[PDB]
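The file coords_19.cif comes next; it holds mmCIF, C-alpha atoms and all ligand atoms.
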```
data_input
loop_
_atom_site.label_atom_id
_atom_site.label_comp_id
_atom_site.auth_asym_id
_atom_site.auth_seq_id
_atom_site.Cartn_x
_atom_site.Cartn_y
_atom_site.Cartn_z
CA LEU X 8 -14.41 -27.50 12.21
CA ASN X 9 -11.84 -24.99 13.64
CA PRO X 10 -12.08 -26.12 17.35
CA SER X 11 -9.22 -23.72 18.23
CA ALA X 12 -11.09 -20.70 16.69
CA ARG X 13 -7.79 -19.51 15.00
CA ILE X 14 -7.74 -17.04 12.02
CA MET X 15 -7.80 -19.08 8.80
CA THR X 16 -6.29 -18.11 5.42
CA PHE X 17 -7.82 -19.16 2.08
CA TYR X 18 -6.29 -19.20 -1.43
CA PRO X 19 -9.26 -19.53 -3.89
CA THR X 20 -8.71 -20.34 -7.58
CA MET X 21 -10.24 -18.01 -10.23
CA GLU X 22 -13.33 -20.35 -10.50
CA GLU X 23 -13.85 -20.49 -6.66
CA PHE X 24 -13.32 -16.69 -6.35
CA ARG X 25 -15.93 -15.72 -9.01
CA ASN X 26 -18.94 -16.26 -6.66
CA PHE X 27 -18.55 -14.06 -3.54
CA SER X 28 -21.51 -15.39 -1.42
CA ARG X 29 -20.73 -19.01 -2.41
CA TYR X 30 -17.10 -18.58 -1.23
CA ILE X 31 -18.24 -16.91 2.04
CA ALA X 32 -20.49 -20.01 2.52
CA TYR X 33 -17.48 -22.28 1.76
CA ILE X 34 -15.11 -20.60 4.30
CA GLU X 35 -17.95 -20.87 6.90
CA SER X 36 -18.29 -24.65 6.21
CA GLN X 37 -14.50 -24.84 7.09
CA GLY X 38 -15.34 -23.04 10.38
CA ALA X 39 -13.49 -19.75 9.52
CA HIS X 40 -16.30 -17.77 11.23
CA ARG X 41 -15.33 -19.19 14.67
CA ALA X 42 -12.27 -16.88 14.88
CA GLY X 43 -14.50 -13.93 13.82
CA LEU X 44 -11.87 -12.94 11.22
CA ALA X 45 -10.47 -14.65 8.15
CA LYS X 46 -8.00 -13.80 5.32
CA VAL X 47 -8.71 -14.44 1.64
CA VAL X 48 -5.73 -14.19 -0.72
CA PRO X 49 -7.18 -13.67 -4.26
CA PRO X 50 -5.73 -15.36 -7.42
CA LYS X 51 -2.46 -13.67 -8.65
CA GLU X 52 -4.17 -12.92 -12.06
CA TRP X 53 -6.91 -10.88 -10.26
CA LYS X 54 -6.62 -7.06 -9.88
CA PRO X 55 -9.49 -4.58 -9.06
CA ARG X 56 -7.70 -1.61 -10.77
CA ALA X 57 -4.86 -1.44 -13.35
CA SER X 58 -2.97 1.43 -11.57
CA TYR X 59 -3.19 3.67 -8.43
CA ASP X 60 -1.33 6.72 -9.99
CA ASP X 61 -4.47 8.78 -10.78
CA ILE X 62 -5.70 9.31 -7.20
CA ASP X 63 -3.44 12.28 -6.02
CA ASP X 64 -6.34 14.78 -6.35
CA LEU X 65 -8.79 12.49 -4.54
CA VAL X 66 -10.29 14.41 -1.59
CA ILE X 67 -10.37 12.97 1.95
CA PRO X 68 -13.29 15.14 3.31
CA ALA X 69 -12.80 14.51 7.03
CA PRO X 70 -9.20 13.52 8.00
CA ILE X 71 -9.15 12.65 11.68
CA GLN X 72 -6.24 13.32 14.03
CA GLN X 73 -6.17 10.40 16.58
CA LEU X 74 -5.42 11.35 20.17
CA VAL X 75 -4.91 8.39 22.53
CA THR X 76 -5.05 8.57 26.31
CA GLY X 77 -4.17 5.73 28.66
CA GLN X 78 -1.69 3.41 30.35
CA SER X 79 -1.09 -0.28 31.23
CA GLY X 80 -2.64 -1.58 27.98
CA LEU X 81 -5.91 0.41 28.39
CA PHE X 82 -6.52 3.40 26.12
CA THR X 83 -9.23 5.80 24.85
CA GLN X 84 -8.99 7.29 21.42
CA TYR X 85 -10.39 10.78 20.72
CA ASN X 86 -10.86 11.88 17.14
CA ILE X 87 -10.16 15.47 16.04
CA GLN X 88 -11.72 16.23 12.62
CA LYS X 89 -9.30 18.21 10.46
CA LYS X 90 -10.06 20.07 7.22
CA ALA X 91 -10.27 18.19 3.86
CA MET X 92 -6.98 17.08 2.27
CA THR X 93 -5.86 15.30 -0.91
CA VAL X 94 -4.17 11.86 -1.13
CA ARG X 95 -1.08 13.77 -2.28
CA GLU X 96 -1.11 15.98 0.91
CA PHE X 97 -1.81 12.86 3.03
CA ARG X 98 0.97 10.69 1.40
CA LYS X 99 3.52 13.49 1.89
CA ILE X 100 2.60 13.82 5.55
CA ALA X 101 2.49 10.04 5.98
CA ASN X 102 5.94 9.55 4.57
CA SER X 103 7.45 12.61 6.35
CA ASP X 104 10.14 12.27 9.10
CA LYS X 105 7.54 13.24 11.80
CA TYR X 106 5.10 10.45 10.83
CA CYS X 107 7.10 7.74 8.95
CA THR X 108 7.19 4.07 10.16
CA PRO X 109 10.16 3.35 12.50
CA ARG X 110 12.98 0.94 11.43
CA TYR X 111 12.13 -2.66 12.48
CA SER X 112 13.25 -6.29 11.98
CA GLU X 113 10.21 -8.53 12.79
CA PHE X 114 6.46 -7.62 13.22
CA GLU X 115 6.78 -8.38 16.99
CA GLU X 116 9.27 -5.41 17.16
CA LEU X 117 6.82 -3.06 15.25
CA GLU X 118 3.88 -4.27 17.42
CA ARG X 119 5.92 -3.47 20.64
CA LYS X 120 6.74 0.05 19.21
CA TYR X 121 3.06 0.62 18.49
CA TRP X 122 1.87 -0.26 22.02
CA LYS X 123 4.76 1.77 23.53
CA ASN X 124 4.18 4.96 21.42
CA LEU X 125 0.45 5.05 20.53
CA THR X 126 -0.18 8.01 22.96
CA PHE X 127 2.66 10.08 21.41
CA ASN X 128 2.75 12.14 18.20
CA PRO X 129 -0.99 11.73 17.21
CA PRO X 130 -1.25 10.53 13.58
CA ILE X 131 -3.84 11.53 10.92
CA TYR X 132 -6.22 8.85 9.59
CA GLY X 133 -7.86 9.50 6.21
CA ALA X 134 -10.84 7.36 7.31
CA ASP X 135 -14.49 6.87 6.11
CA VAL X 136 -14.01 8.35 2.65
CA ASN X 137 -17.08 7.59 0.56
CA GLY X 138 -15.84 5.90 -2.60
CA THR X 139 -14.27 2.96 -4.43
CA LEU X 140 -10.96 2.21 -6.14
CA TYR X 141 -12.63 -0.71 -8.08
CA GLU X 142 -12.80 -0.28 -11.88
CA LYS X 143 -16.24 -0.41 -13.57
CA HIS X 144 -15.94 -3.87 -15.32
CA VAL X 145 -14.57 -5.84 -12.24
CA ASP X 146 -17.36 -8.35 -11.39
CA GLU X 147 -15.52 -10.46 -8.72
CA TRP X 148 -15.55 -9.35 -5.01
CA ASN X 149 -16.55 -5.75 -6.01
CA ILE X 150 -16.95 -4.04 -2.57
CA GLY X 151 -19.12 -1.41 -4.40
CA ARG X 152 -21.72 -4.07 -5.46
CA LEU X 153 -21.40 -7.45 -3.58
CA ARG X 154 -25.14 -8.30 -4.18
CA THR X 155 -25.73 -9.97 -0.73
CA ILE X 156 -29.14 -10.28 1.05
CA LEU X 157 -28.19 -6.89 2.67
CA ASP X 158 -29.36 -5.17 -0.60
CA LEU X 159 -32.98 -5.85 0.61
CA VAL X 160 -32.60 -2.70 2.85
CA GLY X 170 -24.89 4.24 4.32
CA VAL X 171 -24.56 0.51 5.15
CA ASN X 172 -24.27 -1.05 1.61
CA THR X 173 -21.85 1.71 0.32
CA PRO X 174 -18.00 1.48 0.07
CA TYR X 175 -15.58 3.45 2.29
CA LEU X 176 -11.87 4.21 1.67
CA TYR X 177 -9.21 4.37 4.45
CA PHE X 178 -5.90 6.14 3.84
CA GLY X 179 -3.72 5.06 6.77
CA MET X 180 -0.30 6.06 8.18
CA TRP X 181 1.97 4.51 10.81
CA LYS X 182 0.17 4.13 14.20
CA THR X 183 -3.36 4.98 12.90
CA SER X 184 -5.79 2.71 14.71
CA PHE X 185 -9.19 1.15 14.72
CA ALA X 186 -10.57 0.45 18.18
CA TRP X 187 -12.24 -2.72 19.50
CA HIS X 188 -15.68 -3.17 17.89
CA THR X 189 -18.10 -5.42 16.01
CA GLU X 190 -19.83 -4.22 12.83
CA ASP X 191 -22.94 -2.09 13.05
CA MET X 192 -25.88 -4.50 13.46
CA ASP X 193 -23.41 -7.34 14.00
CA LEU X 194 -22.99 -7.53 10.23
CA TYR X 195 -20.11 -9.00 8.21
CA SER X 196 -17.43 -6.83 6.63
CA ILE X 197 -14.98 -7.09 3.74
CA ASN X 198 -11.66 -5.17 3.80
CA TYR X 199 -9.32 -5.12 0.77
CA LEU X 200 -5.85 -3.55 1.13
CA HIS X 201 -5.53 -1.77 -2.27
CA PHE X 202 -1.90 -0.76 -1.79
CA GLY X 203 0.81 0.14 0.62
CA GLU X 204 2.13 -0.91 4.01
CA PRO X 205 0.43 -3.69 5.97
CA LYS X 206 -2.54 -3.50 8.38
CA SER X 207 -2.35 -5.66 11.55
CA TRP X 208 -5.48 -7.05 13.18
CA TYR X 209 -6.56 -8.55 16.50
CA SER X 210 -9.72 -10.63 16.79
CA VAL X 211 -11.80 -12.12 19.66
CA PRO X 212 -13.91 -15.18 18.63
CA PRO X 213 -17.71 -14.44 18.63
CA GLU X 214 -18.14 -17.24 21.27
CA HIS X 215 -15.99 -15.07 23.68
CA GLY X 216 -17.33 -11.63 22.62
CA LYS X 217 -19.32 -11.26 25.89
CA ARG X 218 -16.10 -11.92 27.92
CA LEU X 219 -14.43 -8.95 26.22
CA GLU X 220 -17.54 -6.69 26.78
CA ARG X 221 -17.53 -7.69 30.54
CA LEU X 222 -13.80 -6.88 30.81
CA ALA X 223 -14.31 -3.49 29.02
CA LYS X 224 -17.28 -2.69 31.39
CA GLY X 225 -15.01 -3.44 34.37
CA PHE X 226 -12.34 -0.94 33.12
CA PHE X 227 -14.62 1.82 31.75
CA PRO X 228 -17.61 1.75 34.19
CA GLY X 229 -18.59 5.38 33.50
CA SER X 230 -18.64 4.77 29.71
CA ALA X 231 -20.82 1.62 30.25
CA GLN X 232 -23.27 3.39 32.67
CA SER X 233 -23.88 6.08 29.94
CA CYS X 234 -24.20 3.69 26.93
CA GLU X 235 -25.21 -0.05 26.90
CA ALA X 236 -22.88 -0.80 23.92
CA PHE X 237 -20.07 1.79 24.52
CA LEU X 238 -17.55 -0.25 22.47
CA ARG X 239 -19.78 0.74 19.42
CA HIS X 240 -18.33 4.34 19.80
CA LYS X 241 -15.06 2.68 18.55
CA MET X 242 -12.85 4.50 21.09
CA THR X 243 -11.47 1.68 23.30
CA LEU X 244 -8.03 0.20 22.63
CA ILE X 245 -6.90 -2.88 24.62
CA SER X 246 -3.36 -4.34 24.25
CA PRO X 247 -2.78 -8.10 23.53
CA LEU X 248 -0.93 -8.27 26.90
CA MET X 249 -4.05 -6.96 28.82
CA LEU X 250 -6.27 -9.44 26.93
CA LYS X 251 -3.80 -12.21 27.88
CA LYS X 252 -3.60 -10.96 31.49
CA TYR X 253 -7.41 -11.31 31.89
CA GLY X 254 -7.73 -14.56 29.94
CA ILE X 255 -9.59 -13.14 26.93
CA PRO X 256 -8.99 -15.61 23.97
CA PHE X 257 -7.73 -13.76 20.84
CA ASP X 258 -5.65 -14.16 17.69
CA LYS X 259 -3.54 -11.83 15.51
CA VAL X 260 -2.94 -11.54 11.72
CA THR X 261 -1.13 -9.07 9.36
CA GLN X 262 -2.99 -8.15 6.14
CA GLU X 263 -0.67 -7.31 3.19
CA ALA X 264 -1.37 -5.32 0.00
CA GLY X 265 -3.76 -7.13 -2.35
CA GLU X 266 -5.36 -9.31 0.40
CA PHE X 267 -8.93 -9.40 1.78
CA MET X 268 -10.05 -9.65 5.42
CA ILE X 269 -13.52 -10.92 6.30
CA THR X 270 -15.12 -10.09 9.68
CA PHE X 271 -18.02 -12.29 10.83
CA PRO X 272 -21.20 -11.38 12.83
CA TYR X 273 -20.27 -10.45 16.44
CA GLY X 274 -16.52 -10.87 15.76
CA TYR X 275 -14.70 -8.11 17.78
CA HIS X 276 -11.63 -6.71 16.01
CA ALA X 277 -9.08 -3.91 16.39
CA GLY X 278 -5.74 -3.03 14.85
CA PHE X 279 -3.30 -0.52 13.35
CA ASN X 280 -1.61 0.51 10.08
CA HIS X 281 2.15 -0.02 9.56
CA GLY X 282 2.40 3.01 7.30
CA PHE X 283 0.93 4.73 4.20
CA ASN X 284 -1.77 2.51 2.78
CA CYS X 285 -5.24 2.40 1.32
CA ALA X 286 -8.07 -0.05 2.27
CA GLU X 287 -11.62 -0.39 0.90
CA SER X 288 -14.44 -1.58 3.14
CA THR X 289 -18.23 -2.32 3.30
CA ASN X 290 -20.77 -4.46 5.23
CA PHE X 291 -22.59 -7.53 3.88
CA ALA X 292 -24.94 -10.24 5.04
CA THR X 293 -25.74 -14.00 4.69
CA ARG X 294 -28.89 -15.83 5.96
CA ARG X 295 -26.93 -16.53 9.27
CA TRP X 296 -26.73 -12.76 10.11
CA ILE X 297 -30.56 -12.23 10.31
CA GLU X 298 -30.57 -13.68 13.92
CA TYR X 299 -27.56 -11.48 14.87
CA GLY X 300 -29.36 -8.42 13.40
CA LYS X 301 -32.52 -9.18 15.43
CA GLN X 302 -30.52 -9.72 18.71
CA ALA X 303 -27.86 -6.94 18.20
CA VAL X 304 -27.32 -4.66 21.27
CA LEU X 305 -27.00 -1.09 19.85
CA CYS X 306 -25.55 2.26 20.95
CA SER X 307 -28.08 4.34 23.01
CA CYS X 308 -26.51 7.79 22.32
CA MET X 312 -26.08 5.15 15.56
CA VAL X 313 -26.55 2.78 12.53
CA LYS X 314 -29.99 1.08 12.84
CA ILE X 315 -31.59 -1.31 10.29
CA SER X 316 -35.26 -2.39 10.46
CA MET X 317 -35.15 -6.23 10.66
CA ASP X 318 -38.88 -6.69 9.70
CA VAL X 319 -38.10 -7.08 5.92
CA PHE X 320 -35.53 -9.85 6.70
CA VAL X 321 -37.79 -11.83 9.13
CA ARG X 322 -40.72 -11.41 6.58
CA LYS X 323 -38.74 -13.15 3.78
CA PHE X 324 -36.38 -15.73 5.43
CA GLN X 325 -38.29 -16.56 8.64
CA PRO X 326 -42.03 -16.06 7.66
CA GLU X 327 -43.11 -18.67 10.30
CA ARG X 328 -41.22 -16.82 13.10
CA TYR X 329 -42.45 -13.26 12.06
CA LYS X 330 -45.59 -13.32 14.30
CA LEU X 331 -43.68 -14.86 17.30
CA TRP X 332 -40.82 -12.25 16.95
CA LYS X 333 -43.24 -9.26 16.38
CA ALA X 334 -44.80 -10.24 19.76
CA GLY X 335 -41.53 -10.82 21.69
CA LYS X 336 -42.00 -14.64 21.98
CA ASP X 337 -38.95 -15.41 19.68
CA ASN X 338 -36.06 -16.04 22.14
CA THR X 339 -33.76 -18.21 19.88
CA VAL X 340 -30.26 -18.53 21.44
CA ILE X 341 -27.56 -17.97 18.76
CA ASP X 342 -24.95 -20.76 18.27
CA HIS X 343 -21.74 -18.91 17.17
CA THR X 344 -20.13 -22.22 15.97
CA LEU X 345 -22.89 -23.00 13.39
CA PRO X 346 -22.19 -22.17 9.70
CA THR X 347 -24.54 -20.26 7.37
CA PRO X 348 -27.41 -22.38 5.85
CA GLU X 349 -25.78 -21.61 2.38
CA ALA X 350 -22.76 -23.74 3.50
CA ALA X 351 -24.96 -26.91 2.92
CA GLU X 352 -23.32 -27.76 -0.50
CA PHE X 353 -19.86 -27.87 1.26
CA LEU X 354 -20.99 -30.19 4.17
ZN ZN X 401 -14.82 -3.27 11.53
ZN ZN X 402 -23.86 4.89 22.69
#
```

Just give me the structure as structure tokens.
Amino acid sequence: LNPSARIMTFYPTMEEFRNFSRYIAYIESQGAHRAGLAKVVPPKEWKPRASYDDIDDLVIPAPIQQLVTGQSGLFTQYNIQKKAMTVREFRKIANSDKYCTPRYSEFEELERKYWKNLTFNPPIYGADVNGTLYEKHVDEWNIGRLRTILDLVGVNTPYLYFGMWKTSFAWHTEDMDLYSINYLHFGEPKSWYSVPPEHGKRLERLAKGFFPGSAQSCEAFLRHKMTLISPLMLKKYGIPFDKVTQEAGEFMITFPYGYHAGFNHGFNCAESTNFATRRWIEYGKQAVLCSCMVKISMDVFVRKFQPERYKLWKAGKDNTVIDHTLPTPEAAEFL
């Protein structure tokens, strides 16, 4: 049951792939959740949209210029909101000489170039664009309507991310320690780093040691999604982690309390949203939030799935310690 907590890759058939929540339960029974990140390669015959040639006049309302400050594997990213631009304007800029991906042999070479140049030539990230690239009829893994227990509740809505070389997402867990689904619609790859949920507190303690002013101001400062930490720093301080490259037409699943970060190799488009399973309810209850934020009332969840614990929890007498290695109750039919 994944004792090494390494990122697992799944290749479901069309029949396996049809039920989203059932397949999430299956990958959990195989211990995929232990790494905090997993890859799901869909069947070759599956496509969420016939063509991506009609999106040139799609508006990115808040492009963000990403300014990075730091040294020795420790960085802070500052976002500068720019005025609205089209995918056409973004793609041209992305592919221009100033912002294009450098020439490289292996990923290790591109990764080294990223960590060496992330403070130079700030890129533009077409992030958090409300919308979907999923066609209407597509019933399998539709990020716009996954129909998880999360529907009981801008947390169940899809977001589009138009990336360019060196655009980054900082170290973070999902808001409310939820799950997330990320599908790379098209383009250049997206490379990820993950810290297993069982070592999430080790990363937080390391981050608190390096940014003590940021931690004294906010309890969960990593939730601001500004802190970038290189694989070499993680290695230097014995933080266990793994890395994976997501290619066009592949899904990435993030698990409750699974810390992740990464960067885009070049012009690309990803679709994302949050989702839940019965396992998340305890993570939602115990989630340490940003003081200075996305907040969900957990009462409705405890009232339906834990009616016996509702009174105890409403009082403060529910002090259940989470086991990060345990799979979702739904994973019963696969064990
Ligand atoms: Zn995320
Ligand atoms: Zn805060």

- Would you work out the distance separating atom CA of residue 196 of chain X from atom CA of residue 45 of chain X, expressed in Å to one decimal? 10.6 Å

- Between atom CA of residue 295 of chain X and atom CA of residue 141 of chain X, measure the distance and give it in Å to one decimal.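 These atoms are spaced 27.5 Å apart.
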
- Task: Kindly extract all protein, DNA and RNA residues lying within 9 Å of the coordinates (-21.0, -5.7, 3.0) given in the file, considering all atoms listed in the file, and supply them as a list in words.
- Result: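 In the file's frame, the residues around the point are residues 150, 151, 152, 153, 154, 155, 157, 171, 172, 173, 174, 194, 195, 196, 197, 288, 289, 290, 291 and 292 of chain X.
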
- Message: Could you list the protein, DNA and RNA residues that have any atom within 9 Å of ligand ZN 402 (chain X), counting all atoms listed in the file, and write them as a PyMOL selection string?
- Response: chain X and resi 230-231+233-240+305-308+312

- Task: Please indicate the distance in Å from atom CA of residue 353 of chain X to atom CA of residue 38 of chain X, rounded to one decimal place.
- Result: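 Going from atom CA of residue 353 of chain X over to atom CA of residue 38 of chain X, I get 11.3 Å.
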
Sorted by chain and rising residue number, list the residues of chain X at most 7 Å from ligand ZN 401 (chain X) (counting only C-alpha atoms and all ligand atoms), each with its closest atom pair and distance in Å to one decimal, as a tab-separated table.
```
residue	atom	partner	partner_atom	distance
X:188	CA	X:ZN401	ZN	6.4
X:189	CA	X:ZN401	ZN	6.0
X:190	CA	X:ZN401	ZN	5.3
X:196	CA	X:ZN401	ZN	6.6
X:276	CA	X:ZN401	ZN	6.5
```

- Can you list, as number ranges by chain, every protein, DNA or RNA residue that comes within 9 Å of residue 25 of chain X when you count all atoms listed in the file, leaving out same-chain residues fewer than 6 positions away? X: 146-148

Using 10 Å as the limit and counting all atoms listed in the file, can you tabulate each residue of segment 10-82 of chain X that touches segment 125-133 of chain X, with its shortest atom-to-atom distance in Å and the two atoms involved, as a Markdown table?
```
| residue | atom | partner | partner_atom | distance |
| --- | --- | --- | --- | --- |
| X:66 | CA | X:133 | CA | 9.5 |
| X:67 | CA | X:133 | CA | 6.0 |
| X:68 | CA | X:133 | CA | 8.3 |
| X:69 | CA | X:133 | CA | 7.1 |
| X:70 | CA | X:133 | CA | 4.6 |
| X:71 | CA | X:132 | CA | 5.2 |
| X:72 | CA | X:131 | CA | 4.3 |
| X:73 | CA | X:129 | CA | 5.4 |
| X:74 | CA | X:129 | CA | 5.3 |
| X:75 | CA | X:126 | CA | 4.8 |
| X:76 | CA | X:126 | CA | 5.9 |
| X:77 | CA | X:126 | CA | 7.3 |
| X:78 | CA | X:126 | CA | 8.8 |
| X:82 | CA | X:126 | CA | 8.5 |
```

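Using all atoms listed in the file, the nearest neighbour of residue 59 of chain X within the list X:206, X:201, X:40, X:99 is X:201.
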
- From the set X:338, X:198, X:9, X:149, which residue has the shortest atom-to-atom contact distance to residue 28 of chain X, counting all atoms listed in the file?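 Comparing X:338, X:198, X:9, X:149 against residue 28 of chain X, the winner is X:149.
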
- Task: Could you give me, as a list in words, the residues within 7 Å of residue 303 of chain X, counting all atoms listed in the file and dropping anything in the same chain fewer than 3 positions from it?
- Result: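 In the requested form, the answer reads residues 192, 193, 299 and 300 of chain X.
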
- Message: Ranking X:264, X:92, X:156, X:223 by minimum distance to residue 202 of chain X and counting only C-alpha atoms, which one comes first?
- Response: X:264

- Query: Given the choices X:58, X:26, X:347, X:102, which gets closest to residue 298 of chain X if the distance is worked out from all atoms listed in the file?
  - Reply: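 When distances to residue 298 of chain X are compared using all atoms listed in the file, the smallest one comes from X:347.
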
- Name all residues at most 12 Å from residue 335 of chain X (count only C-alpha atoms; drop same-chain ones fewer than 6 positions away) and give them as a PyMOL selection string. chain X and resi 301-302+328-329

- Of the candidates X:158, X:213, X:57, X:207, which shows the shortest atom-to-atom distance to residue 142 of chain X, using all atoms listed in the file?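 Ranked by minimum distance to residue 142 of chain X, first place goes to X:57.
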
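Using only C-alpha atoms, the smallest distance between any of X:281, X:42, X:29, X:60 and residue 116 of chain X comes from X:281.
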
Report as AutoDock Vina command-line options the centre and the edge lengths, in Å to one decimal, of the axis-aligned box holding every listed atom of segment 43-54 of chain X, padded by 6 Å on each side.
```
--center_x -8.5 --center_y -11.2 --center_z 0.9 --size_x 24.0 --size_y 20.3 --size_z 37.9
```

- Which protein, DNA or RNA residues are at most 12 Å from (-16.0, -7.8, 30.2) in the file's coordinates when you count only C-alpha atoms, listed as a ChimeraX atom specification? /X:215-228,231,236-238,245,250,253-255
